[PDB]
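This report refers to the structure that appears directly beneath it.
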Amino acid sequence: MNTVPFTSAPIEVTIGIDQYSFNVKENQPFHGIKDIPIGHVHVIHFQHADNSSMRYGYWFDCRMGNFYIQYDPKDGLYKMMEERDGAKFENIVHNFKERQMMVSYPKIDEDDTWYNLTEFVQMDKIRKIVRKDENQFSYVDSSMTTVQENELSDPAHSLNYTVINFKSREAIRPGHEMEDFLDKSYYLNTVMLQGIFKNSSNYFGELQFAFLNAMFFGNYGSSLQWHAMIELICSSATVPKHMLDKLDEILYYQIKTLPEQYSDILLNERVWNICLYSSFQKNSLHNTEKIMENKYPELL
Amino acid sequence: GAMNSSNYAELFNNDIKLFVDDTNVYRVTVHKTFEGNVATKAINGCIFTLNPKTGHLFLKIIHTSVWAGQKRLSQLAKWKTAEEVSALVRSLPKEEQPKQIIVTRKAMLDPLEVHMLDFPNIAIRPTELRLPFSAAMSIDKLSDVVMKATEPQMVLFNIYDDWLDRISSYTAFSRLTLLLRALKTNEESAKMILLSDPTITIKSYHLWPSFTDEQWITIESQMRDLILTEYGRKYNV
């Protein structure tokens, strides 16, 4: 179980760790998060009490290094940093553990929620979407634009999601206009899976990462990407059966975790109605269809 | 964006543009079968592609053979339309290519946009105008070339005859839409108005009769009377 110590908490903040969240008071003796499960990526996220603008946070994997959080009073945010001195880091963590100055990652033994949301998400793929090669962790916030959004402007602070555009020469073979526009299988299987992602696991990893950035940061571009990647599969007549069955699992857990009161900002009515009731795959997403109809019947 | 009453003069500026109307591409008769089911029989159709400034009409005749063994014909007709407009643009020299293509029905936007991806500088626009181009097949010479076709064919017309020698393109378009609206509203009454008087004929090389300027004023008033008369008959007003 790994640990992310905090130097201090000088400003009142809501701290997220994965799907959990805790309020910390201004100058409360808070020194971090312990018992973080090894084997998953994690996200540690912030929303300041005195300015709820910029949600921001850091994706990390405690297998890749020893990470801590320090508040920067100049840039006004909690920054993740890596400690290269293992013995220093162990000594600090031991001190804070003995003083009981850390919250414990509150995982229920039965509960696979986080694994179910991050099954295909790898740090190495996050670091290609979020480009800052000098750090082993990745900063995301509410306002970061996607390479696609920037096309339609600081490229270094951008989310390099794979561009999906149904009315692009990439999506439509000259001579197969009607075919490729009404059936996205070409675009899904040849261009995206065989060509860019190489396999369904990379595709699902990026879809799952897009959803989590949409949910944890209210990142609008991420929400666009999540729905585009769902619609691309649902709009394809020819999809490997394993991929459809896996997508239904993926989406079920995403819809299960979404805060009910964010459904109006996080769910696109057109896409979901198309995917569940009109698309080639309208009858392929039984679990997702049942949770959507029971939890969000007003959207449908 | 969309072409409306606000931007009507734009139709007659020096930017090449085409209207595309697909309402006569897929045409059927509906009939009973021997078992008392219903079946459709396709008849030859056409794409109506018009330059409103010059009157040049690119009439692509859609021969019934293009539907043979095809499904979802109403959907296919839109994509065939877009395919043929795309092929027409590619056939034209660069300096003759349109800068805008205005579709009369919004269902043509996606098909045409997808077929014109290679032309990102040609704008594909809808219109809020209710244009009576469906009545093209009430123009006897256009109906005749469509019905006689035994294979796919493009025929070129000037839908304004020689009117632009005497009137502006704004006025020519106004006269065309009035004639087509009248033919759409009461075809038999409109053709009587146009063809009643045997001393005024249609030149071999024309679509419409050889009215003098004063006769055009009379005809135009008779067409407006017809449309009003028919609106009164429709609404009992």
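Chains as they are written, first to last, in the authors' numbering: chain B, 1 to 152, 170 to 317; chain A, 1833 to 2069. Beta carbons: idealized from backbone N, C-alpha and C, even for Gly.
{"Asked": "Cβ-Cβ distance between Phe-137/B and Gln-225/B below 7 angstroms", "Found": "no"}
{"Asked": "Same chain only: Cβ atoms within 6 angstroms of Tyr-78/B, ignoring 5 sequence neighbours per side", "Found": "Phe-46, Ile-69 and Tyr-71"}
{"Asked": "Among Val-1987/A, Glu-2019/A, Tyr-2037/A and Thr-2050/A, nearest to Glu-2062/A - alpha-carbon criterion", "Found": "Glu-2019/A"}
{"Asked": "Cβ-Cβ separation, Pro-5/B to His-31/B (assumed contact under 8 angstroms), whole Å", "Found": "6 angstroms"}
{"Asked": "C-beta atoms of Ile-36/B and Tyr-139/B nearer than 7 angstroms", "Found": "no"}
{"Asked": "Among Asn-27/B, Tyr-279/B and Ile-291/B, the one whose alpha carbon lies nearest that of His-244/B", "Found": "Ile-291/B"}
{"Asked": "DSSP beta-bridge partners of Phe-22/B", "Found": "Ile-15/B"}
{"Asked": "Within 7 angstroms, strictly: CB atoms of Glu-223/B and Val-288/B", "Found": "no"}
{"Asked": "Residue closest to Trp-2040/A, alpha-carbon to alpha-carbon, out of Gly-2064/A, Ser-1970/A and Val-1862/A", "Found": "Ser-1970/A"}
{"Asked": "As assigned by DSSP and simplified to three states, the class of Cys-1878/A", "Found": "strand"}
{"Asked": "DSSP beta-bridge partners of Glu-1867/A", "Found": "The partner list for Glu-1867/A (beta bridge, DSSP) is empty, contrary to what the question assumes."}
{"Asked": "C-beta neighbour in chain A for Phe-198/B, strict 7 angstroms", "Found": "yes"}
{"Asked": "Where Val-1946/A meets chain B, residues with beta-carbon distance less than 7 angstroms", "Found": "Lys-184, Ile-189, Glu-194 and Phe-198"}
{"Asked": "Residues within the segment 1935–1967 of chain A neighbouring chain B, beta-carbon criterion of under 9 angstroms", "Found": "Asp-1942, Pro-1943, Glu-1945, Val-1946, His-1947, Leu-1949 and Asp-1950"}
{"Asked": "Beta carbon of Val-1935/A nearer than 7 angstroms to that of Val-1852/A", "Found": "yes"}
{"Asked": "Local Cβ density within 10 Å of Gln-298/B, reported as buried at 16 or more and exposed below that", "Found": "buried"}
{"Asked": "Integer Cβ distance of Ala-1914/A from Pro-1952/A, believed to fall under 8 angstroms", "Found": "Wrong, their Cβ atoms sit about 16 angstroms apart, outside the cutoff."}
{"Asked": "Beta carbon of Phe-1880/A nearer than 7 angstroms to that of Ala-1968/A", "Found": "yes"}
{"Asked": "Residue-level contact to chain B via CB, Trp-1899/A, 7 angstroms cutoff", "Found": "no"}
{"Asked": "Minimum length 3: unbroken beta strand (DSSP E) runs contained in the segment 49–128 of chain B", "Found": "51–60, 66–72 and 77–83"}
{"Asked": "Host beta strand (DSSP E) of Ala-1955/A (start-end)", "Found": "1955–1957"}
{"Asked": "Under 8 angstroms by beta carbon: chain B residues contacting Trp-2048/A", "Found": "The contacting residues do not exist; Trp-2048/A stays about 43 angstroms from chain B at best."}
{"Asked": "Nearest neighbour of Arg-127/B, chosen from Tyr-58/B, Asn-150/B and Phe-183/B [CA to CA]", "Found": "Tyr-58/B"}
{"Asked": "Coarse secondary structure for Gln-1929/A, derived from DSSP in three states", "Found": "coil"}
{"Asked": "Pairwise C-alpha distance: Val-2069/A and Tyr-2037/A", "Found": "41 angstroms"}
{"Asked": "Where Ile-1991/A sits in the DSSP three-state scheme", "Found": "coil"}
{"Asked": "Nearest neighbour of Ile-33/B, chosen from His-174/B, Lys-107/B and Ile-250/B [CA to CA]", "Found": "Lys-107/B"}
{"Asked": "7 angstroms Cβ cut-off: residues of chain B touching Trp-1911/A", "Found": "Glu-194 and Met-195"}
{"Asked": "Helix, strand or coil at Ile-247/B [DSSP, three-state]", "Found": "helix"}
{"Asked": "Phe-183/B and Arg-55/B closer than 7 angstroms at C-beta", "Found": "no"}
{"Asked": "Per DSSP, the bridge partner or partners of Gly-32/B", "Found": "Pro-5/B"}
{"Asked": "8 angstroms Cβ shell around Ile-38/B - same chain, five flanking residues per side excluded", "Found": "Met-1, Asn-2, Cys-62 and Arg-63"}
{"Asked": "Boundaries of the alpha helix (DSSP H) in which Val-147/B is found, first to last residue", "Found": "147–151"}
{"Asked": "Simplified DSSP assignment, three categories, for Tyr-204/B", "Found": "helix"}
{"Asked": "Distance, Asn-1846/A Cα to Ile-2049/A Cα", "Found": "28 angstroms"}
{"Asked": "Beta-carbon proximity of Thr-2017/A to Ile-2059/A, cut-off 7 angstroms", "Found": "yes"}
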